*Asks:* 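Before anything else, here's the structure in question.
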Amino acid sequence: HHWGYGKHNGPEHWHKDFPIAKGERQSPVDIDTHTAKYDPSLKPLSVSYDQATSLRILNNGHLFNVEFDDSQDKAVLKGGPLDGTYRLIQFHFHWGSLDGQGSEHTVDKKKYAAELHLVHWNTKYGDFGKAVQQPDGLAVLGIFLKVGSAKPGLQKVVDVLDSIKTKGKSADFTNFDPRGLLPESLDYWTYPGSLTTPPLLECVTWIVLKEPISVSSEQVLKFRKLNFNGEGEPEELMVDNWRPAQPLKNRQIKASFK
Ligand SMILES: [Hg+2]
Ligand SMILES: [Zn+2]
């Protein structure tokens with residue numbers, strides 16, 4: 001029936017319902033640090049999240065999304081490789097069943113335990129739905145998570161997971177500050193790509209941060225307790241919801257640092 005991450009409906013089958021899966025600018029990709037072009041003209045990233053307004057958290061059967069009020073420039077991203085302002089609409093994670101896998105992008109083939117995606121849309125286009133019709137409609141900030149010490153700013157999220165265990169459940173999730181999930185440095189790699197889940201639209205300017213954040217093993221364990229299934233159905237743990245690296249093709253990865 002529909003898409004997932006299993007043997008019968010996983011990433012390798014996606015092309016049947018979404019032909020763009022085999023397109024020219026698909027994500028994720030492996031970041032070869034020795035081939036990435038240092039670009040001195042890349043301006044510093046500008047993350048203005050002081051007015052961020054979170055609204056809800058929801059398990060959609062594939063992963064969980066924390067949604068934000070994007071009716072005004074409350075939480076925006078600009079600078080870096082971007083032209084114009086991009087509004088934060090939601091953030092989600094991709095993780096593995098084990099600590100050695102989970103991230104979508106890899107750095108010199110290295111896989112992290114998880115990857116956080118903060119999705120933004122170009123205000124120039126009015127709304128998210130119109131933004132996904134443009135080659136520069138979206139900007140996703142990717143942050144790697146590695147297992148180590150606990151991330152205080154992630155605990156609020158971890159605590160609420162019990163209430164949205166199954167597919168379709170949602171919970172109010174207000175007053176959450178996304179600044180607590182940012183690493184110290186804002187150095188990054190950037191390249192043009194796509195969303196990593198169907199519809200796999202090629203509308204994304206990826207900004208992948210060099211420095212990962214650390215979360216405890218207990219924090220990641222909570223992620224693995226979520227369910228792909230809806231309430232009452234046989235239990236399928238939500239793990240390994242990541243897409244493998246796609247061919248880079250006619251693309252260049254640029255770094256904002258040396
Ligand atoms: Hg697009
Ligand atoms: Zn994602």
Side-chain angles (χ1 to χ4, degrees), residues 3-5 10-11 14 18-31 57-68 70 77 81-84 86-97 101-107 111-145 154 157 167 178 181-182 188-209 212-213 215 220 223-224 226 228 238-246 249-251:
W3 79 272
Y5 294 92
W14 294 358
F18 310 92
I20 200 164
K22 293 185 161 184
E24 307 307 288
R25 56 176 283 192
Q26 288 290 288
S27 297
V29 299
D30 173 48
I31 298 170
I57 187 168
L58 154 89
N59 171 343
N60 64 21
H62 308 286
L63 43 72
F64 70 87
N65 296 128
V66 172
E67 303 156 334
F68 289 79
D70 66 350
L77 172 68
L82 310 164
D83 286 306
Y86 287 69
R87 273 184 202 155
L88 174 63
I89 179 171
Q90 54 113 327
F91 73 71
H92 59 268
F93 299 86
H94 296 269
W95 62 91
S97 49
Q101 60 185 28
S103 69
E104 301 208 296
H105 288 88
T106 48
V107 175
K111 294 182 167 66
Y112 288 79
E115 185 168 330
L116 162 64
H117 293 157
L118 293 122
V119 183
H120 310 72
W121 57 272
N122 198 329
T123 59
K124 176 202 309 177
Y125 306 114
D127 64 53
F128 179 88
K130 301 306 187 314
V132 299
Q133 289 174 56
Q134 306 297 149
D136 61 343
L138 307 177
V140 186
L141 188 55
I143 298 173
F144 295 121
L145 281 68
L154 180 65
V157 176
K167 179 191 184 86
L181 310 163
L182 303 182
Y188 63 89
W189 290 287
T190 182
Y191 77 95
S194 71
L195 289 171
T196 64
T197 61
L200 305 160
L201 302 179
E202 300 180 328
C203 169
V204 185
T205 287
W206 277 97
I207 305 169
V208 182
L209 301 187
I213 58 168
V215 301
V220 286
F223 279 30
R224 307 187 179 130
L226 288 164
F228 274 135
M238 187 183 281
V239 290
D240 295 319
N241 51 359
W242 50 273
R243 183 189 196 199
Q246 300 303 303
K249 298 192 169 180
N250 220 108
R251 290 177 292 170

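FYI, the numbering just counts along the sequence from 1. Each ligand, and each atom within it, is numbered from 1 in the order the structure gives. Only this structure's heavy atoms are used, side chains among them; waters, hydrogens and symmetry mates stay out.
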*Asks:* Regarding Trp95 and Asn241, is there a side-chain donor-to-acceptor distance under 3.5 Å anywhere?
*Replies:*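 Their side chains do not contain a donor-acceptor pair, so the 3.5 Å distance test is not met.
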*Asks:* Do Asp136 and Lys124 meet the salt-bridge criterion of a basic N to acidic O distance under 4.0 Å?
*Replies:*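 Between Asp136 and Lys124 there is a salt bridge, with a charged N closer than 4.0 Å to a carboxylate O.
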*Asks:* For the Zn ion (ligand 2), check which protein N, O or S atoms are under 2.8 Å away and list them.
*Replies:* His92 NE2, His94 NE2, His117 ND1
*Asks:* Could you list the residues that satisfy side-chain contact (heavy atoms from CB on, under 4.5 Å) with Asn60, not counting sequence neighbours?
*Replies:* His62, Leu63, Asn65
*Asks:* Look at the rings of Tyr191 and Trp206 and say which category their plane angle falls in: under 30° parallel, 30 to 60° tilted, over 60° perpendicular.
*Replies:* parallel
*Asks:* I'd like to know if the side chain of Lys249 reaches the main chain of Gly23, judged simply by a donor and an acceptor atom lying under 3.5 Å from each other, with no hydrogens or angles considered.
*Replies:*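 Such a contact is found between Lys249 side chain and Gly23 backbone.
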*Asks:* Can you name the nearest heavy-atom pair linking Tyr86 to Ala139, along with the distance?
*Replies:* CD2-CB, 3.5 Å
